[PDB]
Amino acid sequence: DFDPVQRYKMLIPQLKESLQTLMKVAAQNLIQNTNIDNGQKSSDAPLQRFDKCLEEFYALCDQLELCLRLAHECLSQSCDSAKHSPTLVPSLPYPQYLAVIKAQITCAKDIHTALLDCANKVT
Amino acid sequence: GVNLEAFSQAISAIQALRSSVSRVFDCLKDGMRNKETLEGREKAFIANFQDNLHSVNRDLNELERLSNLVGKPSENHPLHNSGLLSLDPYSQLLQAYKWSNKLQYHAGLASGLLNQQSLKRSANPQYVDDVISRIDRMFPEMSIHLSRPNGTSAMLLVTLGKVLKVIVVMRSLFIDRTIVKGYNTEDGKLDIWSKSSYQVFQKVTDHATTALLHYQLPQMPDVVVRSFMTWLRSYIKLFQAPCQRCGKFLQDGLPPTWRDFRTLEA
Amino acid sequence: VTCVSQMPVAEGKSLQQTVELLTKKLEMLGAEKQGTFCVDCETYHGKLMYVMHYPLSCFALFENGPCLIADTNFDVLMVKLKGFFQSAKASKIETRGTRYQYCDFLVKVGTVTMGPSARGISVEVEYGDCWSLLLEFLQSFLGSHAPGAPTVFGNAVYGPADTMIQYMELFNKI
Amino acid sequence: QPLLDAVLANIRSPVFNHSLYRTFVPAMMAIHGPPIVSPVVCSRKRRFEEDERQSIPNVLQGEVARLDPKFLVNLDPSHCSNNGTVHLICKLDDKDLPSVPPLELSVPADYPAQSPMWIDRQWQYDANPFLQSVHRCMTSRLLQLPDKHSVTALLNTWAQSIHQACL
């Protein structure tokens, strides 16, 4: 139940650490495969998968992108409507707010429909 | 409230980090294609790694922005979505908001583009002046007031921060015949034709006359006066002179291109 | 504006020779002559005097000075104020010179008031705070100059008496 | 900072290139699943033939195109297949008095040089008094052009000198 900014701040360093571990496991797996395919047997030890790491890194990246996208959409939809009405919630009553919003939607739809009909009738 | 730009930049940075990781691990899946003298693939590898480091640094820098997410849960947006379940059978309001924003931006861009209209030629009210003057005076640091002492002529006067007031006469439209004078004036009980200066505000008056003869639009004089006022507002600093030094001559100012520089250089 | 005056103590040739060299440099800059505006400010006691051109002898003694008394008002007041101020022993002298006007500008050379003094330069501006152009013009005039110390943190709005305050500070400094 | 992959890829000098495939391709094919990531078909025999086998140095052709209708150049019995490539006969047909055409044999059209040839100087210029004065000032003017160019520069200099010594 944290804020999106808090989730971003707590995801970024885990993201960096996941990237570091990804590079490390990739290097280890690559050097093991090379020593087992080019030179002599030296890396006789169980290595990681390098896939369970990259999948988790991609998951962290995607989750951070989704959190930031949600925050951006929230701030955008809160900014455009803040400049269209005052604040009134537990300066204005709720039924009047609903009626004003309905009238605004109706007027915008009417303008759009009139413009579309005129543009279609133009040709 | 400029967090939208920072959020877009952060989204782009994360997308760039993902794309850079993908490009690195796709190029590493391919050895040296054809060198024939020396394996130049190490250069591309180092470039891709530096690009990944650049994207990580950009994300870390964008982390410094986005100070805090305020409360105000969507700023009076929840009325039927988070409100009564009857009220939300709601997407009509959001669709209308988005459509209005898109229409406004598209019309603004279309007007700014079609400003260069192919109009061949033009062939085949002392009440709004006070309103236009008040609307222009609503701008900050531009306290003006009109007097109208003789006839319908709007002999207004402006003064921004200094005592360099300008008695810009008008004709109920397409205001012309301006005269700038600094540090005292209004002799007797009205304006004057003095135009006295220190051989500096004379150039300012010449530039103002050139501007008045320059902004002559075919219609919409309110936009003309607004452009004239925002053009005149640029004289509040007088602390810049590109293409030359600060003191190439006694005076330095001619901003028709919104960048004042030393005179006799245009 | 109100550009403070400095006291460049030139040497080598002579004080008059340095004054002539400064005048020659100013003439090479392209400045014409505009009469001899000899300024005069005599200290007194912590009173003062002023004859800076302008038929108004405005003695800015302290508390920023009134700078409104006429050329004969403050003089007659001081003459009638005998016995009130009994510190007339320490006299005070004043400089003189020429006054050129290049373009919206002015230059004044402060010569030897009583005989010991340097060549005190002094300039002004057109509207007024706005030190970029002032410094850009001063650097093309000579080298080490422009001490400053104006009426900072005021907004006053281009205080005219600031020149008198700078002159008094210079006279007290030498 | 994570220079491990960099130093390992740098250490991987040997010629055998199959470890990177077996090490990376499985993960990418598992996550990214394109049966044909580049479904476009590419079967190309690129070069069929590219030669006109009749072209003189193209750089000269540009200048002969940029020439004014007053000038007109041609070719004499030509030792100019590809190397000299020019020794023309440019008649300065214009409004003023005509003259004798020069040769102006130029170097390879890359032009780290100029044209001037001065072949018919012997009999053409000494014979006439006006033509003698034409050569005089024109030589001094050509001894001034820094790295003159073949057609346009030299031809314009010749015309200018011819109509200037005319006085």
# chains A, B, ... in the order shown; residues from 1 in each chain; ligands from 1

$ residues_around --residues "residue 69 of chain A" --least-positions-apart "4" --cutoff "10 Å" --atoms "only C-alpha atoms" --output "tab-separated table (two decimals) with N, CA and C atoms, in the first residue's frame"
chain	number	residue	atom	x	y	z
A	4	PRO	N	3.37	5.14	-5.67
A	4	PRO	CA	4.14	4.71	-6.85
A	4	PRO	C	5.58	5.20	-6.83
A	63	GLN	N	7.76	-4.49	-14.37
A	63	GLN	CA	6.96	-4.02	-13.25
A	63	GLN	C	7.24	-2.55	-12.94
A	64	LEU	N	8.51	-2.14	-13.03
A	64	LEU	CA	8.83	-0.74	-12.82
A	64	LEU	C	8.21	0.13	-13.91
A	65	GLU	N	8.27	-0.34	-15.16
A	65	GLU	CA	7.65	0.40	-16.25
A	65	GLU	C	6.15	0.53	-16.04
A	73	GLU	N	-0.29	8.06	-15.87
A	73	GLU	CA	-1.70	8.16	-16.24
A	73	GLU	C	-2.51	8.81	-15.13
A	74	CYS	N	-2.21	8.47	-13.87
A	74	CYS	CA	-2.92	9.08	-12.75
A	74	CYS	C	-2.70	10.58	-12.72
A	75	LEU	N	-1.44	11.02	-12.81
A	75	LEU	CA	-1.15	12.45	-12.75
A	75	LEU	C	-1.75	13.18	-13.94
B	7	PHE	N	8.13	12.02	-16.02
B	7	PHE	CA	7.60	10.66	-16.12
B	7	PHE	C	7.76	10.10	-17.52
B	8	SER	N	7.51	10.93	-18.54
B	8	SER	CA	7.72	10.48	-19.92
B	8	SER	C	9.19	10.17	-20.16
B	10	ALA	N	11.35	9.18	-17.92
B	10	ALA	CA	11.67	7.95	-17.21
B	10	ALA	C	11.15	6.73	-17.97
B	11	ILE	N	9.95	6.83	-18.53
B	11	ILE	CA	9.41	5.73	-19.33
B	11	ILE	C	10.31	5.46	-20.53

$ residues_around --residues "residue 62 of chain A" --least-positions-apart "5" --cutoff "10 Å" --atoms "only C-alpha atoms" --output "list in words"
residues 56, 57, 67 and 68 of chain A; 14, 15 and 18 of chain B

$ interface_residues --of "chain A" --to "chain D" --cutoff "7 Å" --atoms "only C-alpha atoms" --output "PDB file with N, CA, C and O atoms, in the first residue's frame"
ATOM      1  N   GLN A  20      23.498  -6.499 -12.238  1.00  0.00           N
ATOM      2  CA  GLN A  20      24.852  -6.925 -11.895  1.00  0.00           C
ATOM      3  C   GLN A  20      24.942  -8.444 -11.806  1.00  0.00           C
ATOM      4  O   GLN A  20      25.866  -9.060 -12.356  1.00  0.00           O
ATOM      5  N   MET A  23      24.845  -9.964 -15.321  1.00  0.00           N
ATOM      6  CA  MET A  23      26.142  -9.911 -15.989  1.00  0.00           C
ATOM      7  C   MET A  23      27.097 -10.948 -15.411  1.00  0.00           C
ATOM      8  O   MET A  23      27.815 -11.628 -16.155  1.00  0.00           O
ATOM      9  N   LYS A  24      27.100 -11.098 -14.084  1.00  0.00           N
ATOM     10  CA  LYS A  24      28.002 -12.055 -13.451  1.00  0.00           C
ATOM     11  C   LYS A  24      27.688 -13.483 -13.879  1.00  0.00           C
ATOM     12  O   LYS A  24      28.596 -14.246 -14.236  1.00  0.00           O
ATOM     13  N   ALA A  27      28.681 -14.087 -17.516  1.00  0.00           N
ATOM     14  CA  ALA A  27      30.120 -14.272 -17.672  1.00  0.00           C
ATOM     15  C   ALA A  27      30.559 -15.642 -17.171  1.00  0.00           C
ATOM     16  O   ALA A  27      31.371 -16.317 -17.816  1.00  0.00           O
ATOM     17  N   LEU A  30      29.396 -18.357 -19.573  1.00  0.00           N
ATOM     18  CA  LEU A  30      30.140 -18.298 -20.824  1.00  0.00           C
ATOM     19  C   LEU A  30      31.548 -18.853 -20.655  1.00  0.00           C
ATOM     20  O   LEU A  30      32.018 -19.627 -21.497  1.00  0.00           O
ATOM     21  N   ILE A  31      32.237 -18.479 -19.572  1.00  0.00           N
ATOM     22  CA  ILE A  31      33.594 -18.979 -19.375  1.00  0.00           C
ATOM     23  C   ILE A  31      33.577 -20.479 -19.109  1.00  0.00           C
ATOM     24  O   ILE A  31      34.465 -21.211 -19.563  1.00  0.00           O
ATOM     25  N   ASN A  33      31.318 -22.636 -20.335  1.00  0.00           N
ATOM     26  CA  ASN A  33      31.053 -23.285 -21.613  1.00  0.00           C
ATOM     27  C   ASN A  33      32.286 -23.266 -22.508  1.00  0.00           C
ATOM     28  O   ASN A  33      32.562 -24.242 -23.213  1.00  0.00           O
ATOM     29  N   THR A  34      33.044 -22.168 -22.489  1.00  0.00           N
ATOM     30  CA  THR A  34      34.250 -22.102 -23.308  1.00  0.00           C
ATOM     31  C   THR A  34      35.310 -23.077 -22.808  1.00  0.00           C
ATOM     32  O   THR A  34      35.925 -23.799 -23.600  1.00  0.00           O
ATOM     33  N   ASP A  37      34.320 -26.455 -23.839  1.00  0.00           N
ATOM     34  CA  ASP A  37      34.213 -26.689 -25.273  1.00  0.00           C
ATOM     35  C   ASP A  37      35.475 -26.369 -26.056  1.00  0.00           C
ATOM     36  O   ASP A  37      35.622 -26.879 -27.174  1.00  0.00           O
ATOM     37  N   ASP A  51      19.078 -18.062 -17.100  1.00  0.00           N
ATOM     38  CA  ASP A  51      17.744 -17.775 -17.608  1.00  0.00           C
ATOM     39  C   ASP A  51      16.796 -17.379 -16.487  1.00  0.00           C
ATOM     40  O   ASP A  51      16.018 -16.429 -16.638  1.00  0.00           O
TER      41      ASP A  51
END

$ interface_residues --of "chain A" --to "chain B" --cutoff "9 Å" --atoms "only C-alpha atoms" --output "PyMOL selection string"
chain A and resi 3-6+8-9+12+16+58+61-62+64-65+68-69+71-72+74-82+85-89+94+97-98+101-102+104-106+108-109+112

$ atom_distance --atom1 "atom CA of residue 63 of chain D" --atom2 "atom CA of residue 154 of chain D"
11.3 Å

$ select_by_dssp --residues "chain A" --states "alpha helix (DSSP H)" --output "PyMOL selection string"
chain A and resi 4-37+51-82+94-122

$ interface_residues --of "chain B" --to "chain C" --cutoff "12 Å" --atoms "only C-alpha atoms" --output "PDB file with C-alpha atoms, in the first residue's frame"
ATOM      1  CA  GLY B 161       9.668  48.293 -14.017  1.00  0.00           C
ATOM      2  CA  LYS B 162      11.684  51.428 -14.659  1.00  0.00           C
ATOM      3  CA  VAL B 163      10.831  55.101 -15.267  1.00  0.00           C
ATOM      4  CA  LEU B 164      11.144  54.510 -19.032  1.00  0.00           C
ATOM      5  CA  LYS B 165       7.383  54.950 -19.609  1.00  0.00           C
ATOM      6  CA  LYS B 181      10.759  58.629 -22.816  1.00  0.00           C
ATOM      7  CA  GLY B 182      12.679  57.661 -19.673  1.00  0.00           C
ATOM      8  CA  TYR B 183      12.960  59.230 -16.215  1.00  0.00           C
ATOM      9  CA  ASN B 184      10.364  61.992 -16.548  1.00  0.00           C
ATOM     10  CA  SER B 197      16.097  61.186 -24.606  1.00  0.00           C
ATOM     11  CA  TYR B 198      19.851  60.591 -24.347  1.00  0.00           C
ATOM     12  CA  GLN B 199      20.371  59.453 -27.963  1.00  0.00           C
ATOM     13  CA  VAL B 200      19.364  55.961 -26.768  1.00  0.00           C
ATOM     14  CA  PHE B 201      15.575  56.011 -26.424  1.00  0.00           C
ATOM     15  CA  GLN B 202      15.505  57.627 -29.863  1.00  0.00           C
ATOM     16  CA  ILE B 236      12.831  44.584 -19.112  1.00  0.00           C
ATOM     17  CA  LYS B 237      16.408  43.246 -18.986  1.00  0.00           C
ATOM     18  CA  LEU B 238      18.708  45.019 -21.499  1.00  0.00           C
ATOM     19  CA  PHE B 239      21.523  42.714 -20.298  1.00  0.00           C
ATOM     20  CA  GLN B 240      22.407  40.765 -23.439  1.00  0.00           C
ATOM     21  CA  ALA B 241      24.094  41.392 -26.774  1.00  0.00           C
ATOM     22  CA  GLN B 244      28.840  41.518 -30.525  1.00  0.00           C
ATOM     23  CA  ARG B 245      29.956  42.781 -27.126  1.00  0.00           C
ATOM     24  CA  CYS B 246      27.763  44.366 -24.458  1.00  0.00           C
ATOM     25  CA  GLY B 247      28.979  47.885 -25.221  1.00  0.00           C
ATOM     26  CA  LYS B 248      29.718  47.960 -28.950  1.00  0.00           C
ATOM     27  CA  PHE B 249      27.857  51.292 -28.989  1.00  0.00           C
ATOM     28  CA  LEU B 250      26.056  53.441 -26.434  1.00  0.00           C
ATOM     29  CA  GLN B 251      22.844  51.400 -26.698  1.00  0.00           C
ATOM     30  CA  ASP B 252      22.083  47.798 -27.612  1.00  0.00           C
ATOM     31  CA  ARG B 262      23.564  45.512 -30.336  1.00  0.00           C
TER      32      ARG B 262
END

$ residues_around --residues "residue 81 of chain D" --least-positions-apart "5" --cutoff "12 Å" --atoms "only C-alpha atoms" --output "VMD selection string"
chain D and resid 53 to 57 75 to 76 86 to 87 108

$ write_last_selection --atoms "N, CA and C atoms" --output "short mmCIF file (atom, residue, chain, number, x, y, z; two decimals), in the first residue's frame"
data_model
loop_
_atom_site.label_atom_id
_atom_site.label_comp_id
_atom_site.auth_asym_id
_atom_site.auth_seq_id
_atom_site.Cartn_x
_atom_site.Cartn_y
_atom_site.Cartn_z
N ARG D 53 31.17 2.62 -70.60
CA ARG D 53 32.34 2.35 -71.46
C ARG D 53 32.48 3.38 -72.58
N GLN D 54 31.81 4.53 -72.41
CA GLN D 54 31.96 5.62 -73.36
C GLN D 54 32.16 6.94 -72.64
N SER D 55 32.29 6.89 -71.32
CA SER D 55 32.34 8.11 -70.52
C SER D 55 33.77 8.62 -70.39
N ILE D 56 33.94 9.91 -70.66
CA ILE D 56 35.16 10.63 -70.32
C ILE D 56 35.02 11.04 -68.86
N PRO D 57 36.10 11.48 -68.18
CA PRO D 57 35.97 11.86 -66.76
C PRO D 57 34.76 12.75 -66.47
N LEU D 75 36.36 18.82 -79.43
CA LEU D 75 37.57 18.02 -79.34
C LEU D 75 38.31 17.96 -80.67
N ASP D 76 39.63 18.14 -80.62
CA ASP D 76 40.50 18.03 -81.78
C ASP D 76 40.96 16.59 -81.88
N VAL D 86 41.24 15.85 -72.29
CA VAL D 86 40.83 17.12 -72.88
C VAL D 86 42.00 17.84 -73.54
N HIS D 87 41.79 18.30 -74.76
CA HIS D 87 42.48 19.46 -75.31
C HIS D 87 41.48 20.06 -76.30
N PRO D 108 44.11 14.89 -65.34
CA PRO D 108 42.96 14.15 -64.78
C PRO D 108 41.97 15.05 -64.05
#

$ select_by_dssp --residues "segment 2-137 of chain C" --states "strand (DSSP E)" --output "PyMOL selection string"
chain C and resi 32-33+99-101+107-110+120-123

$ decode --residues "segment 42-157 of chain D" --atoms "C-alpha atoms" --output "mmCIF file, in the first residue's frame"
data_model
loop_
_atom_site.group_PDB
_atom_site.id
_atom_site.type_symbol
_atom_site.label_atom_id
_atom_site.label_comp_id
_atom_site.auth_asym_id
_atom_site.auth_seq_id
_atom_site.Cartn_x
_atom_site.Cartn_y
_atom_site.Cartn_z
ATOM 1 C CA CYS D 42 16.566 -12.102 -49.544
ATOM 2 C CA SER D 43 18.170 -13.789 -52.554
ATOM 3 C CA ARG D 44 20.373 -11.296 -54.356
ATOM 4 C CA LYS D 45 22.758 -11.393 -57.278
ATOM 5 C CA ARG D 46 23.571 -7.731 -56.814
ATOM 6 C CA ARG D 47 25.893 -6.719 -59.664
ATOM 7 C CA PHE D 48 24.764 -7.437 -63.208
ATOM 8 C CA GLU D 49 26.760 -4.784 -65.104
ATOM 9 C CA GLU D 50 27.668 -1.162 -64.409
ATOM 10 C CA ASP D 51 29.638 0.662 -67.119
ATOM 11 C CA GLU D 52 28.836 2.978 -70.003
ATOM 12 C CA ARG D 53 32.339 2.353 -71.461
ATOM 13 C CA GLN D 54 31.960 5.621 -73.364
ATOM 14 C CA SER D 55 32.341 8.110 -70.522
ATOM 15 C CA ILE D 56 35.165 10.634 -70.323
ATOM 16 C CA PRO D 57 35.966 11.862 -66.762
ATOM 17 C CA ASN D 58 32.578 12.875 -65.354
ATOM 18 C CA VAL D 59 34.018 15.864 -63.486
ATOM 19 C CA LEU D 60 34.781 17.538 -66.816
ATOM 20 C CA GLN D 61 31.254 16.734 -68.000
ATOM 21 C CA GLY D 62 29.856 18.717 -65.082
ATOM 22 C CA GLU D 63 31.841 21.777 -66.134
ATOM 23 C CA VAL D 64 30.855 21.428 -69.794
ATOM 24 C CA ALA D 65 27.261 21.302 -68.570
ATOM 25 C CA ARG D 66 27.692 24.392 -66.380
ATOM 26 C CA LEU D 67 29.066 26.396 -69.323
ATOM 27 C CA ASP D 68 27.202 29.437 -70.609
ATOM 28 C CA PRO D 69 25.692 29.418 -74.115
ATOM 29 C CA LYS D 70 28.343 31.973 -75.086
ATOM 30 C CA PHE D 71 31.134 29.418 -74.685
ATOM 31 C CA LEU D 72 31.329 26.197 -76.689
ATOM 32 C CA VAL D 73 34.046 23.556 -76.463
ATOM 33 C CA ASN D 74 34.845 20.581 -78.700
ATOM 34 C CA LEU D 75 37.571 18.015 -79.337
ATOM 35 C CA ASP D 76 40.497 18.034 -81.779
ATOM 36 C CA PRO D 77 42.429 14.924 -82.885
ATOM 37 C CA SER D 78 42.421 13.602 -79.358
ATOM 38 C CA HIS D 79 45.213 12.164 -77.246
ATOM 39 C CA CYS D 80 42.515 12.322 -74.594
ATOM 40 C CA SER D 81 40.965 8.844 -74.155
ATOM 41 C CA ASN D 82 41.161 8.794 -70.323
ATOM 42 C CA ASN D 83 44.303 10.482 -68.933
ATOM 43 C CA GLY D 84 44.558 13.929 -70.498
ATOM 44 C CA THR D 85 40.871 13.627 -71.386
ATOM 45 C CA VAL D 86 40.831 17.117 -72.884
ATOM 46 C CA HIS D 87 42.475 19.463 -75.312
ATOM 47 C CA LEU D 88 39.503 21.446 -76.540
ATOM 48 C CA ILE D 89 38.774 24.258 -78.992
ATOM 49 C CA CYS D 90 36.709 26.844 -77.114
ATOM 50 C CA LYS D 91 35.538 29.726 -79.278
ATOM 51 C CA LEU D 92 34.508 32.701 -77.139
ATOM 52 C CA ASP D 93 31.450 33.583 -79.198
ATOM 53 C CA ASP D 94 29.988 36.624 -77.433
ATOM 54 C CA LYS D 95 28.799 40.167 -78.118
ATOM 55 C CA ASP D 96 32.265 41.726 -78.294
ATOM 56 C CA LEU D 97 35.081 41.099 -80.746
ATOM 57 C CA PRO D 98 36.026 37.449 -81.378
ATOM 58 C CA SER D 99 39.464 35.892 -81.043
ATOM 59 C CA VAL D 100 41.443 32.684 -81.617
ATOM 60 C CA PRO D 101 40.480 29.574 -79.608
ATOM 61 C CA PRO D 102 43.032 28.071 -77.201
ATOM 62 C CA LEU D 103 43.697 24.392 -76.512
ATOM 63 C CA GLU D 104 43.541 24.224 -72.687
ATOM 64 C CA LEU D 105 44.657 20.628 -72.227
ATOM 65 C CA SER D 106 43.925 19.705 -68.614
ATOM 66 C CA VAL D 107 45.126 16.953 -66.281
ATOM 67 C CA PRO D 108 42.961 14.153 -64.776
ATOM 68 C CA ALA D 109 39.618 15.671 -63.815
ATOM 69 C CA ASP D 110 40.286 15.277 -60.079
ATOM 70 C CA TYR D 111 42.045 18.623 -60.665
ATOM 71 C CA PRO D 112 45.093 18.868 -58.422
ATOM 72 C CA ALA D 113 46.173 21.195 -61.237
ATOM 73 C CA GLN D 114 44.871 23.577 -63.906
ATOM 74 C CA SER D 115 44.439 23.482 -67.696
ATOM 75 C CA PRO D 116 46.563 26.169 -69.387
ATOM 76 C CA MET D 117 48.112 24.861 -72.606
ATOM 77 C CA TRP D 118 49.007 27.953 -74.721
ATOM 78 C CA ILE D 119 49.627 26.123 -78.006
ATOM 79 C CA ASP D 120 48.776 28.581 -80.787
ATOM 80 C CA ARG D 121 50.623 31.440 -79.051
ATOM 81 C CA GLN D 122 53.353 31.502 -81.697
ATOM 82 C CA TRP D 123 51.700 32.723 -84.894
ATOM 83 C CA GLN D 124 48.242 33.803 -83.724
ATOM 84 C CA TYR D 125 49.222 36.440 -81.167
ATOM 85 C CA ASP D 126 52.323 37.931 -82.799
ATOM 86 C CA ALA D 127 50.507 38.502 -86.105
ATOM 87 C CA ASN D 128 47.955 41.002 -84.826
ATOM 88 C CA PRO D 129 48.466 44.150 -82.727
ATOM 89 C CA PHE D 130 45.226 43.702 -80.779
ATOM 90 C CA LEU D 131 45.832 39.978 -80.294
ATOM 91 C CA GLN D 132 49.314 40.837 -79.020
ATOM 92 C CA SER D 133 47.844 43.050 -76.298
ATOM 93 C CA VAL D 134 45.260 40.352 -75.555
ATOM 94 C CA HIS D 135 48.000 37.868 -74.654
ATOM 95 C CA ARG D 136 49.969 40.378 -72.556
ATOM 96 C CA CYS D 137 47.557 41.229 -69.734
ATOM 97 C CA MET D 138 45.929 37.795 -69.906
ATOM 98 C CA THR D 139 49.183 36.023 -69.048
ATOM 99 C CA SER D 140 49.717 38.286 -66.029
ATOM 100 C CA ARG D 141 46.141 37.667 -64.894
ATOM 101 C CA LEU D 142 46.496 33.896 -65.268
ATOM 102 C CA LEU D 143 49.703 34.044 -63.221
ATOM 103 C CA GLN D 144 47.445 35.126 -60.338
ATOM 104 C CA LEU D 145 44.753 32.435 -60.172
ATOM 105 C CA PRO D 146 45.505 30.166 -57.190
ATOM 106 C CA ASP D 147 44.895 26.620 -58.424
ATOM 107 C CA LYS D 148 42.638 27.627 -61.314
ATOM 108 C CA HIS D 149 39.961 25.198 -62.500
ATOM 109 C CA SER D 150 39.761 23.751 -65.987
ATOM 110 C CA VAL D 151 36.696 24.927 -67.884
ATOM 111 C CA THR D 152 34.731 27.550 -65.973
ATOM 112 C CA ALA D 153 37.540 29.413 -64.203
ATOM 113 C CA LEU D 154 40.067 29.493 -67.051
ATOM 114 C CA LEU D 155 37.449 30.171 -69.734
ATOM 115 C CA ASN D 156 35.914 33.044 -67.759
ATOM 116 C CA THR D 157 39.379 34.468 -67.084
#
